[PDB]
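Step one of this worksheet: look at the structure below.
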Amino acid sequence: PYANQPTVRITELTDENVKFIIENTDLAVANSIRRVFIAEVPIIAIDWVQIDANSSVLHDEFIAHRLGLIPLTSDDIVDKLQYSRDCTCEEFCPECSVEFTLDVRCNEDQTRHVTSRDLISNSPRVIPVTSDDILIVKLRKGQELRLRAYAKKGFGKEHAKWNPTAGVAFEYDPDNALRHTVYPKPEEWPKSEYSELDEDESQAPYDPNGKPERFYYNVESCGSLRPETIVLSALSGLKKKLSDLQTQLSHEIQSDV
Amino acid sequence: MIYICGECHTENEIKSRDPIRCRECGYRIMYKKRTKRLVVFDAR
Amino acid sequence: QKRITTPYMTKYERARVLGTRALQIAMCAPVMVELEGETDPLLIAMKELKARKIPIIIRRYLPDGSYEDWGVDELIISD
Amino acid sequence: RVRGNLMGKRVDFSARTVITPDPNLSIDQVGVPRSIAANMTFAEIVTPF
Amino acid sequence: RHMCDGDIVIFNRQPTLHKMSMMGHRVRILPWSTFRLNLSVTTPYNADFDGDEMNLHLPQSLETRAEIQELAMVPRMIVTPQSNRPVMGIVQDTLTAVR
Amino acid sequence: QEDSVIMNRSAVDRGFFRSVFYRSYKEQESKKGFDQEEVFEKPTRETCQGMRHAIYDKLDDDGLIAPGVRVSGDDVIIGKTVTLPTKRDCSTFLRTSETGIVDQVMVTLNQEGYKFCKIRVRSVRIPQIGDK
Amino acid sequence: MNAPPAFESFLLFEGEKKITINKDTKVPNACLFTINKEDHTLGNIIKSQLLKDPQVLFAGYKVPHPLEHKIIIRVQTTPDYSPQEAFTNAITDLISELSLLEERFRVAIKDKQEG
Amino acid sequence: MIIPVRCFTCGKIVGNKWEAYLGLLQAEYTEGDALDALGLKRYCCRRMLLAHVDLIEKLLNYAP
RNA sequence: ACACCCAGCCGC
Ligand SMILES: [Mg+2]
Ligand SMILES: [Zn+2]
Ligand SMILES: [Zn+2]
Ligand SMILES: [Zn+2]
């Protein structure tokens, strides 16, 4: 087995940042981990909207689109639900769905803000994350919005509403020693956050026998997952994809010669 | 089906045999309400 | 001997002879070359042109009324 | 009649679309949308193979 | 039958100023709603992608398909007799990156 | 290359440049003539001999389509059976290969004073490849 | 009108194969792996892990078209070690990489959360 | 017409941050400090909150 | 469900 031994460190750990440093690994591994942050981490978001009544100033597709982008808490429940195309249910079942009901109606002179707090979920483990509230539509007197929504489990490849991150920042080799970007005028370029050189120098000297093994991350959560769980599920998902490829190629080699 | 008005927003009862007129405010423009059949919306 | 034409098969000659041959093979004409895995008649037409075994003779009209009958087999192909 | 309906006539089996680049195609290839492909047809003659 | 991969088509842009404005291509099916060209093919068409629309014609007789395949292909019709120079050529990014 | 734009798919999924395209179709009941009236009614295949193979079941009892109904290409949003001097269909179809949902249906009286109707169809237009 | 379904980028319908092996006859002991319905995410890591193997003479990948969803990974090794074995070793090595990294990340979370 | 739920570029939630931002304009703060009081560090979300029009408030004036 | 007339707009 010709595989090296990556290590991790964590700089600071808030409820929205999980900033970590990975050492002793390839560039491709770190980049694919970042892409799995963006794409291949499943969360729960609304995907099946049924508008019973909408007399608001915003039409039905707009309300459905703004409902899809509302994040939902999926801390543990996403790992136990299934995909709606990978279940034995007819259309939707509570084994892979969560129900949502919205029956807001304005009968006051002041305007009514249909915040995310008015989405009444069925299972009390998913909820809009602000439970500062995500408004969906403003209503005046005599306007109602009745709808039922179903939220599935999906990847960020399928849509960006399933993207759990909020702009992961991936920086390697901050002082530009390994010449992977060539500054036309190095001294006018600002030093980055993880910089070891002083203010007098511009960039680190060139390293001929050098490869990049240092990777700084700023994985930031939209709210659907804890920032621990985004990484701890991304690594699991990448491992699962590689295991699926392994067993498929084993089946291919078995029926080859 | 049945119609609602454009001024008072009150439902009316006309079935292809009556002149177009609101029963209360007498408004010549009247809309049709949203259908009872439900349509699937992809939040995608 | 009364053959004052170019002894080289022109590109228009190639185009229309392959076209006629492909349409004929599509209408179940016997193929003059061995088959080893083509379905579309155009590929069969190119193979028959390269084998120079096409059953086509072309008549070229000189600009006075007189004609000249050439065989595609006795012409010179462009490849 | 002569210029507008003998020299130049409207034709069946023709398509028109906005064009976008594709550096992953050869120079002798054109990308075609699925609806144009499903609408326009080629008449093949049933050969015994 | 429906048009599939490998069907010969004539592909044309107005104004049809010269013989290079109407050349033949092979069809590749791609899953969006636009005709996608090669980049270097845009120089004989005098085309760009700022909203140019561009026409497609399909033969349905094997003699016509053969005539386009052996007279009006893109590779066969690269060097023009207008200037005995190649009317196709490397353009834009591929030209400024090969330098 | 050559004046083209690469776009972020995730941004477009998040609402970047997403828009709707309202189209409105107008039809009036022109009862001018001796017996050439065209009453708004759902055209059944028993009478109204001139017909099409469009899907004639989404209309209402008033010869009209309802708001909030999914409408595909080449459908029917009006039932206008005009008397042949039994009757024939003079109804409008949708524009070719259009899509959308009926937003509003207006029934009113026009300048001539006839039974005038308008249908508004709304289709979302997510930015595709090929949009300027 | 011609938009593909958004799930077509990562889902196999009935009939198509996830991975195929095509022996390349231009040079001896080389193979093409046509992995379907996937993207650069596995291509880059598989290419790098095969490049790390000293008995691999060529290891590359391409995506033939961004609108399509195939990746082609070409591998050529020495005439002592079959390329399918090289791909197998690379996949299991990346499994070990990801598993060890996951364990160390979980220890890092526990150590930061405890104080 | 209304504030987007998510920033187009990154994906940070900015739907819940409109009203409070208006409050910080009602509390005589500059727009830059109002953005910095919300955690909108990247300039994409600052583009979202800074350059948005509340046309839904205009649409609410008309009768339903 | 057209046919003329007019206007506006797209690419070169
Ligand atoms: Mg142009
Ligand atoms: Zn189920
Ligand atoms: Zn009224
Ligand atoms: Zn942002």
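Each answer follows from the model by the rule given with it, or from the source it names; no laboratory instrument gave them. Cβ placement follows ideal geometry from the backbone for every residue including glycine, while neighbour counts extend to all protein chains displayed.
A few remarks follow.
- Matching entry among C:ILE4, C:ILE44, C:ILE54 (being in a loop (DSSP other than H, G, I, E, B), at negative phi and within 14 Å of chain E (Cβ to nearest Cβ)): C:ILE54
- Matching residues in segment F:8-30 - criterion: being surrounded by fewer than 13 Cβ atoms within 10 Å (Cβ to Cβ), more than 8 Å from every other protein chain (Cβ to nearest Cβ) and assigned to a loop (DSSP other than H, G, I, E, B): F:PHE17
- Count - residues of segment A:63-104 that are buried (at least 16 other Cβ atoms within 10 Å of the Cβ), more than 14 Å from chain B (Cβ to nearest Cβ) and in a strand (DSSP E or B): 1
- Residue count, segment E:21-53 (criterion: touching a helix residue (DSSP H, G or I) at 6+ places or on another chain (Cβ under 7 Å) and within 13 Å of RNA strand I (Cβ to nearest atom)): 4
- Only one of the numbered conditions (1) more than 29 Å from D:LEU25 (Cα to Cα); (2) out of contact with any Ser or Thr (no Cβ under 9 Å at 6 or more places or on another chain) is violated by G:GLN76, and that is (1).
- In this structure, A:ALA28 does satisfy being more than 25 Å from G:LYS112 (Cα to Cα), crowded, with 16+ Cβ neighbours inside 10 Å and in the same structural domain as A:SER224 (by CATH).
- Any hit, segment A:37-47, residues being in contact with a helix residue (DSSP H, G or I) (Cβ under 8 Å, 6 or more places away or on another chain), within 14 Å of chain B (Cβ to nearest Cβ) and charged (D, E, K, R): yes
- Number of residues in segment A:194-220 that are more than 14 Å from chain G (Cβ to nearest Cβ) and in contact with a strand residue (DSSP E or B) (Cβ under 8 Å, 6 or more places away or on another chain): the value is 5.
- For H:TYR21, the criteria (1) among the aromatic types (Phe, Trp, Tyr); (2) outside any loop (DSSP other than H, G, I, E, B); (3) at the interface with another protein chain (Cβ under 7 Å from one of its Cβ atoms) hold in every case but one, which is (3).
- Residue ID - nearest to the chain's Cα centre (by Cα), chosen from residues in segment C:30-58 that are loosely packed, with under 15 Cβ neighbours inside 10 Å and among the aliphatic types (A, V, I, L, M): C:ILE57
- Residue satisfying all of: in segment G:81-115; within 22 Å of the chain's Cα centre (by Cα) and in a loop (DSSP other than H, G, I, E, B); nearest to A:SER243 (Cα to Cα) among these: G:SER82
- When residues of segment F:43-57 are limited to those that are surrounded by fewer than 18 Cβ atoms within 10 Å (Cβ to Cβ) and touching an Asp or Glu at 6+ places or on another chain (Cβ under 8 Å), the one nearest to the other protein chains (Cβ to nearest Cβ): F:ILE55
- Restricting the first member to segment D:19-38 and to residues that are within 7 Å of chain E (Cβ to nearest Cβ), and the second to residues that are among the acidic types (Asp, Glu) and part of a loop (DSSP other than H, G, I, E, B), the beta-carbon pairs closer than 7 Å and six or more apart or on different chains are D:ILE19/E:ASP52; D:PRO21/F:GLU2; D:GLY31/D:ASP22.
- Options A:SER202, A:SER250, A:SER192: the member that is over 30 Å from A:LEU69 (Cα atoms), small (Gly, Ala, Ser) and part of a helix (DSSP H, G or I): A:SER250
- Spans of helices (runs of 4 or more DSSP H) in chain E with at least 1 residues within 14 Å of chain C (Cβ to nearest Cβ), among the hydroxyl-bearing types (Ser, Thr, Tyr) and away from ligand 2 (no atom under 16 Å from the Cβ): E:62-71
- Count of segment A:111-126 residues, restricted to those that are over 18 Å from A:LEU58 (Cα atoms) and within 14 Å of chain H (Cβ to nearest Cβ), is 1.
- A:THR130, sole failed condition from (1) closer than 21 Å to A:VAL231 by Cβ; (2) away from chain F (no Cβ under 14 Å); (3) β-branched (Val, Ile, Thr): (1)
- Candidates F:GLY73, F:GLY68, filtered to the one that is within 12 Å of chain B (Cβ to nearest Cβ) and among the small types (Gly, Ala, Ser): F:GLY68
- Near pairs, Cβ below 8 angstrom, 6+ apart or cross-chain, from segment B:11-23 (within 20 Å of B:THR35 (Cβ to Cβ) and outside any loop (DSSP other than H, G, I, E, B)) to any residue that is more than 9 Å from ligand 3 (Cβ to nearest atom) and among the hydrophobic types (A, V, I, L, M, F, W, C): B:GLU11/B:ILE2
- Restricting segment A:53-62 to residues that are at the interface with another protein chain (Cβ under 7 Å from one of its Cβ atoms) and not aliphatic (A, V, I, L, M), the residue that is surrounded by the most Cβ atoms within 10 Å (Cβ to Cβ): A:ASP60
- Identity of the residue in segment B:24-44, in a strand (DSSP E or B) and farther than 30 Å from A:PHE92 by Cβ, that ends up farthest from ligand 3 (Cβ to nearest atom): B:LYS32
- Residue check, B:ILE29 within 30 Å of A:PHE100 (Cα to Cα), away from ligand 1 (no atom under 16 Å from the Cβ) and of a type in the set (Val, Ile, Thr): no
- Count of segment A:2-36 residues which are farther than 20 Å from G:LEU94 by Cβ, more than 7 Å from every other protein chain (Cβ to nearest Cβ) and among the β-branched types (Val, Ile, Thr): 4
- Taken over segment E:44-67, the criterion of being surrounded by 15 or more Cβ atoms within 10 Å (Cβ to Cβ) and under 12 Å from the mean Cα position of the chain (by Cα) is satisfied by E:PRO44, E:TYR45, E:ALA47, E:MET54, E:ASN55, E:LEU56, E:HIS57.
- Of the criteria (1) over 15 Å from A:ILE38 (Cβ atoms); (2) of a type in the set (A, V, I, L, M, F, W, C); (3) within 14 Å of chain H (Cβ to nearest Cβ), which one A:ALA177 fails: (3)
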